[PDB]
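Asker:
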Amino acid sequence: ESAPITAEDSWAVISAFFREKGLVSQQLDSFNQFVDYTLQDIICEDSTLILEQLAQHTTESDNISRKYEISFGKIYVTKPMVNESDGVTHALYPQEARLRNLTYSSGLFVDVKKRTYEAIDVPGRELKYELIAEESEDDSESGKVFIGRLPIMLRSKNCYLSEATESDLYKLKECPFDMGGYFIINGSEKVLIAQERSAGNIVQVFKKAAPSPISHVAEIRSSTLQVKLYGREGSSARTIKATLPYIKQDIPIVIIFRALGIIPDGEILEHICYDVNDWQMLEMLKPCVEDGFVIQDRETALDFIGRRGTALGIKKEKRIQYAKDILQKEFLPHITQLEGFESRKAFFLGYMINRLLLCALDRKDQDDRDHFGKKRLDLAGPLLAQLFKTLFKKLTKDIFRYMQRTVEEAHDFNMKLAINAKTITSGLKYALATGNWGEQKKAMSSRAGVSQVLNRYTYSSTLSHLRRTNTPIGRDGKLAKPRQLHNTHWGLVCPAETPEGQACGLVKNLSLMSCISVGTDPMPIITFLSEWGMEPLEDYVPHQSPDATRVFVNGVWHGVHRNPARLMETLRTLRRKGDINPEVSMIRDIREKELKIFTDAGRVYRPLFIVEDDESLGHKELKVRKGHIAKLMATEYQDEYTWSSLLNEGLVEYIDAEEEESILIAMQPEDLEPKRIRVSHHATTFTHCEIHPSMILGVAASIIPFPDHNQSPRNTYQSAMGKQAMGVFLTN
Amino acid sequence: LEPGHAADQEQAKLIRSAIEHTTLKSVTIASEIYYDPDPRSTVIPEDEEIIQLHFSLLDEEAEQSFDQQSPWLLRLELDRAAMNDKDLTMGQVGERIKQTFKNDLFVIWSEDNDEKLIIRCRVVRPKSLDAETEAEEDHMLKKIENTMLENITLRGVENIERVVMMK
Amino acid sequence: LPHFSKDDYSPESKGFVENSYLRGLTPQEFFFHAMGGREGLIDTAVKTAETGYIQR
Amino acid sequence: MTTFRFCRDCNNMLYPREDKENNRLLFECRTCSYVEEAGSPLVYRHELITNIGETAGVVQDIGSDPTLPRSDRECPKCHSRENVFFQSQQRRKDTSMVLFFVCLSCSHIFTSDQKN
Amino acid sequence: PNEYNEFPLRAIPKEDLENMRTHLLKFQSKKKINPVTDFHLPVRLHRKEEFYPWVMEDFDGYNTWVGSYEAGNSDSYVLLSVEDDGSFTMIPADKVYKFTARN
Amino acid sequence: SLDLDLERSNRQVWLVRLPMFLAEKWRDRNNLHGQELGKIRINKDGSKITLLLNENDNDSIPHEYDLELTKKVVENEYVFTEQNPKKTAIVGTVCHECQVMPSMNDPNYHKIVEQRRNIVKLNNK
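Protein chains in written order, with PDB author numbering: chain A, 21 to 242, 252 to 668, 678 to 712, 727 to 784; chain B, 1120 to 1286; chain C, 784 to 839; chain D, 1 to 116; chain E, 95 to 142, 345 to 399; chain F, 56 to 139, 209 to 249.
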């Protein structure tokens, strides 16, 4: 029962995987995340609306200043239903929406509370408002203000189809072979194809050809910061300059450090360079010190900043305050926004310029822009959140404008009249139907093709359509590198199946087991990380400990550490034992002494096995055994013991395209022990195994027989032509 | 090449050297900007041997101009291989054209037989320089040293980066 | 590829297919063959248009 | 090899200056009155081409990287036959393919090129 | 090796903390600065709520320190005041200020 | 309100870092009345330090934690107090830096880490 594993067990585990997740799980999970959590936060961002009407001083009775406060509360979502022209209300089902050209959607209810404050406007004195009237109907059903209608994706949590059995689907006349994952808009089925994006909060070092004085560039997007190094290699003149937002001329780096709060010159180099012995680092930083030593004053730099604003002739002190506020408000917002976090910003700027200068000293290379680990996929959820935020902002602006208008006439406003509930509904319906992802007024410049009409020609065509990703680069753009297949696509993208013509390589189809992460909070991770022996970045001195690992969380440096091996072992223990959900990625780079933790959304991951060293057998072996496979067979035939049972026991692990840079995988299980030509790989420190190589293929190419005896373009051609065969697209 | 020189490699390499663009920055393994406060004597033993060579080999005008030599030095440790590749004699090419161009930089230079080819490039300026000017030694000399490395052409024709032999 | 070791220069690790279409391709050489084919696919799909413009 | 020198008062780097009546070099801080006596006529250095031997880079805890290969060569110091080996980690274009071996036990660095 | 010493853990009541507001006073220097010699008593400390930075000037004006508030110190520090009985009393930390010397 | 009280500032003061939950639990006002709430134990070699909470406290909190040394020598840190221009008084100079971690021997660690799991699951973004 302690025996090794054979490929039959691999197919057993895959059978369990598809019996648990499904082929369209990504859309459903993104929609559930959006509806349950993000929708509440989008309104809670802008709950309070304030009107401050000062006294017109026309008469004594007009000397009272007024304040109006509007606040929002919970969100309630009903099951989809329709009200006919007669005013009768009945629950709407997909058949009626399809036949009658309706729109599958539901209604949204939000709590609203109002407050009125009145103060006596005494000139020369601060206004002291007092609570007088507060309208809050939380104790009655009239408090739920109807705000709009939201489309519903099939088979999601709200839809009636979620809990339907086979006889339920037949009496309602469903195809049991239908999976959901699409909207019904205007009586036609629509689907949202995943949209590819380049990640943010990651410093990237580039390079330039030299007809121009530019030599290197360091980029970060949080708001953008460019710290450029000018001066050719080997010359005496070295310049390092940063380009801040709303500052045009630009100013050097030592001036930035002086303005930021680090006055002494010796501390600058402790911020930049983390190795005392290296002399080339300081040699390249010498001209910066020489030029920045002339001015020991923040205020000259702040005067530099003040002149370049649109307003001209401002007094010096106001310019000082403005330039002071620019740093904490718009300079690297992804670290912090509130006041007093200057040490973190100074160290992060030092780290960025350190990495730029390291690349400038040929110790490393340019960042690869094609690496699939630096790309995120936007599903229905994020796109809906974007559009909902925009429309809600416009709607609340309109409410404020109308309420001001009715205050001008001294008329009480009806909250059920100030709201134009048609704005949200019309905007969402127009965006989903036309596909132009933007406002109706500015739809010309918005993204297109985001929403497409589902293809039902054959069943495999529906399957292939619900699993498609688009790379929003100009399809006539002559950039060859995004088109070509890249080393990081192993197991996450189908190599065979791609369109032909102008969309070659730009349209991608996932493999059978490449899921996507939903999103999770980073705060508990940071709290635990500081709990288990992490020194904060405030109390970090380079010279006391020059061999300290740096610690990152989603691209913001929080400090250092001294013994990282046990931290990684404990972190992976907790990730494997369910204390943290396995969608979080945790990489360690030994060569540069770095730790990176990612908890964001949009990362493609695939399952893999786990290799551990068994001393009783004297060598390594998988954690999985014949007992687990027997339990899987028992549960499958009984259709308990499921895929999550394997996951929580530390038998499988989800690996993205970034952690893969620091692992070793044995492809066949028998390759882990000490026709065709199969070579015995020299490795002996294996960490994971491939569940099965066949899964590196999509859904289209999983029907060719013996695909490896074929030239690859032939596999591509059949993956194309498999969507034009005639057959039973649905059993109903 | 010419009909006579076509079959022999040596005239071909002479022509190849005579065509390629050669500049000072390419021929210095260490064109190091050093402090040269008193060029009369140094601490490094290697340049000390070269010192007495020219100090017994300088004319009366050079003896008068001893004070014109900059308080900083272009100390040229020159690579033997690069110098011999372009058939570049140390003295004639190092000094004739360089002093002829603007009478800007004088040199104490050794014969090629020394194990370390060390040149001392000391710029020449009138003593009539202003007090504020004379105080800012480094300010003039770093700039003129950069303009010296970049803008002096020992031999060759412009814009031709490489020349290569083929059969 | 994640199945190799750092600084590997052997032919089988750098895209050499020692099998045949009658024998069968192992996964890694299958992947490398796929990239090789993708190159020519792209070539046709775009340089059709460029050559069209030149011809006109 | 010129080294930066910081003033003992405000940590600012010391600028050179000359003393004509004694003809001696000094380092002064432009912000305070500190002056210190120069010990050598070597203040600045500008090399052009780097004749640096290729370096293995960071070595600390390199034996726990599981993507690094192995070898059975014998240690020249502790006579152990297990070690890690890798190519030069400096990314110059023209670097040769000369290996570097780090011993498992004594953490000793050596190369496969035994040139006398 | 199991010999240990005994330090009881005491605290300071609310009546003393009400009129005693604590503030972490941090000086930036590369040298061990002590007020016994480097400060000529008395010292003048004022603010010229966190908008005005702290200013600590000596009687002769030679030693002037300007202190700014550093925020985001997520570590809630504690003060361990030693009493006459050798016990340690806890004092919660309210604010942290960093001082630098005037040029 | 100008002079500094240095008459009793000669004694060295420990610098200890407490965990967030433990520190917040120790900010309780009712327990500030000079009550003896815990004790420390120092090894003969001084490498291992154990903090044991007194039994007078509720059994809902772990009664054992361990301490680790960050810097063997700690310099240029002073502890002050300010009371009612405000009158300031230095308390002393900092001697050692130590950090608190939960003890594995006390099972209550798991419980609070269980609560940590309870913290992890509820909040979402």
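In this text, a Cβ means the ideal position worked out from N, Cα and C, and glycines have one as well.
Using the Cα positions of A:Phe401 and A:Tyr634, report the straight-line distance between them to the nearest angstrom.
Answerer: Going by the C-alpha atoms only, they are around 11 Å apart.
Asker: Answer with yes or no whether the minimum CB distance from D:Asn12 to chain A is below 8 Å.
Answerer: It does; some Cβ of chain A falls within 8 Å.
Asker: What does a CB cutoff of less than 7 Å around A:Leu298 pick up in its chain, not counting 5 residues either side in sequence?
Answerer: Excluding residues within five positions, the ones whose Cβ falls inside 7 Å are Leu311 and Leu314.
Asker: Which residue wins for smallest C-alpha separation from A:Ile743, given the options A:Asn767, A:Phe37 and A:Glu21?
Answerer: Considering only alpha carbons, the answer is A:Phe37.
Asker: With a Cβ-Cβ cutoff of 8 Å, do A:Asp576 and D:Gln60 count as a contact?
Answerer: Contact flag set, yes.
Asker: Closest by CA to B:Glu1168, which one among B:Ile1237, B:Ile1279 and B:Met1259?
Answerer: Residue B:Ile1237 is the option with its Cα nearest to B:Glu1168.
Asker: When you compare the stretch 637-651 of chain A with the stretch 585-604 of chain A, are there three or more beta-carbon pairs, one atom per stretch, that lie closer than 8 Å?
Answerer: No, because fewer than three Cβ pairs between the stretch 637-651 of chain A and the stretch 585-604 of chain A fall closer than 8 Å, the two stretches do not touch.
Asker: Using Cβ-Cβ distances below 9 Å, what residues of the stretch 340-373 of chain A are close to chain E?
Answerer: If the cut-off is 9 Å between Cβ atoms, the stretch 340-373 of chain A has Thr365, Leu367, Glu368, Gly369, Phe370, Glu371, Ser372 and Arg373 near chain E.
Asker: Name the residue from A:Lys403, A:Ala27 and A:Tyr259 whose alpha carbon lies nearest to the alpha carbon of A:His515.
Answerer: Of A:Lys403, A:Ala27 and A:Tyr259, the residue nearest in Cα terms is A:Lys403.
Asker: What first and last residue would you give for the beta strand (DSSP E) that runs through A:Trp586?
Answerer: Here the beta strand (DSSP E) through A:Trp586 covers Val585 to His590.
Asker: Flag A:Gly562 as yes if its beta-carbon sits less than 8 Å from any beta-carbon of chain F, otherwise no.
Answerer: Answer yes: the Cβ-Cβ gap between A:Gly562 and chain F drops below 8 Å somewhere.
Asker: Using a Cβ-Cβ cutoff of less than 8 Å, which residues in the same chain neighbour A:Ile63 once the five nearest sequence positions on both sides are dropped?
Answerer: The residues are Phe92, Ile95, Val130 and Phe421.
Asker: If we define contact as Cβ-Cβ less than 8 Å, is A:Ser265 a contact residue for chain B?
Answerer: Answer yes: the Cβ-Cβ gap between A:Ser265 and chain B drops below 8 Å somewhere.
Asker: So within the stretch 45-74 of chain A, which uninterrupted alpha helix (DSSP H) runs reach at least 4 residues, ignoring any that extend past its ends?
Answerer: Within the stretch 45-74 of chain A, the complete alpha helix (DSSP H) runs of at least 4 residues are 45-53 and 59-65.
Asker: Going by beta-carbon coordinates alone, are F:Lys249 and A:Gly548 separated by less than 8 Å?
Answerer: Yes; because the gap between Cβ atoms is below 8 Å, this pair is in contact.
Asker: To which residues of the same chain is B:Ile1279 closer than 7 Å at the C-beta, ignoring the five residues directly before and after it?
Answerer: These residues qualify, in order along the chain: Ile1138, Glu1139 and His1140.
Asker: If contact means a Cβ-Cβ distance below 9 Å, which residues of the stretch 349-373 of chain E contact chain A?
Answerer: Listed by position along the chain: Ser364, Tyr365, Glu366, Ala367, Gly368, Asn369, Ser370 and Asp371.
Asker: Are F:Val68 and E:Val378 touching if we call contact CB-CB under 8 Å?
Answerer: Cβ distance < 8 Å, so F:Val68 and E:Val378 count as in contact.
Asker: Using alpha carbons as the reference points, say which of A:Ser764, A:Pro553 and A:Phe758 lies closest to F:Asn242.
Answerer: Nearest option by C-alpha distance: A:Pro553.
Asker: Do three or more CB pairs link the stretch 207-226 of chain A to the stretch 477-484 of chain A at distances below 8 Å?
Answerer: Verdict: yes, contact present.
Asker: Does the beta carbon of C:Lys789 come closer than 8 Å to any beta carbon on chain D?
Answerer: Yes, C:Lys789 counts as interfacial toward chain D.
Asker: Sorry if obvious, but does the Cβ on A:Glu742 come closer than 7 Å to a heavy atom of the ligand SAM?
Answerer: As far as ligands go, the structure on display features none, and thus does not contain the ligand SAM.
Asker: Quick one: what's got a C-beta closer than 7 Å to B:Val1282's C-beta in the same chain, skipping five residues either side?
Answerer: Hits under 7 Å: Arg1135, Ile1138 and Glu1139.
Asker: So, do the stretch 131-149 of chain A and the stretch 179-199 of chain A have three or more beta carbon pairs nearer to each other than 8 Å?
Answerer: Because the criterion of three Cβ pairs below 8 Å is not met, the stretch 131-149 of chain A and the stretch 179-199 of chain A do not touch.
Asker: Compare the beta carbon distance of A:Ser764 and A:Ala753 with 8 Å and say whether it is the shorter of the two.
Answerer: No, the Cβ-Cβ distance between A:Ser764 and A:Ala753 is not below 8 Å.
Asker: Pick out whichever of A:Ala238, A:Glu697, A:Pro611 and A:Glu438 has its Cα sitting closest to the Cα of A:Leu378.
Answerer: Considering only alpha carbons, the answer is A:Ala238.
Asker: In three-state DSSP terms, what is A:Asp29?
Answerer: Residue state, collapsed to three classes: helix.
Asker: What residues from chain F crowd round A:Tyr57, counting only those whose CB sits closer than 9 Å?
Answerer: Residues of chain F passing the Cβ test: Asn248 and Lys249.
Asker: Could you have a look at B:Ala1149 and say whether DSSP puts it in helix, strand or coil?
Answerer: Looking at B:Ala1149 - three-state DSSP - the assignment turns out to be strand.
Asker: Have a look at the DSSP bridge pairing and note the partners of F:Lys94.
Answerer: Per DSSP, F:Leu107.
Asker: Under 7 Å Cβ-Cβ, which residues of chain B neighbour D:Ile49?
Answerer: The contacting residues are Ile1148.
Asker: If the cut-off is 7 Å on Cβ atoms, which residues from the stretch 1249-1283 of chain B count as contacting chain A, listed in chain order?
Answerer: Listed in sequence order: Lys1261 and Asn1265.
Asker: Among the residues of its own chain, which have a CB less than 6 Å from the CB of A:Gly201, if the five just before and after it don't count?
Answerer: Counting only Cβ-Cβ distances below 6 Å, and skipping sequence neighbours, we find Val44, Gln47 and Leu495.
Asker: Tell me the DSSP bridge mates of A:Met778?
Answerer: In the DSSP output, where bridge partners are listed per residue, A:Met778 has none listed.
Asker: Sort out for me which residues DSSP pairs F:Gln67 with in a bridge.
Answerer: F:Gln67 is bridged to F:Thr217.
Asker: For E:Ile106, tell me which candidate among F:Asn113, F:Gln90 and F:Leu59 has the shortest Cα-Cα distance.
Answerer: Taking only the C-alpha atoms, the option nearest E:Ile106 is F:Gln90.
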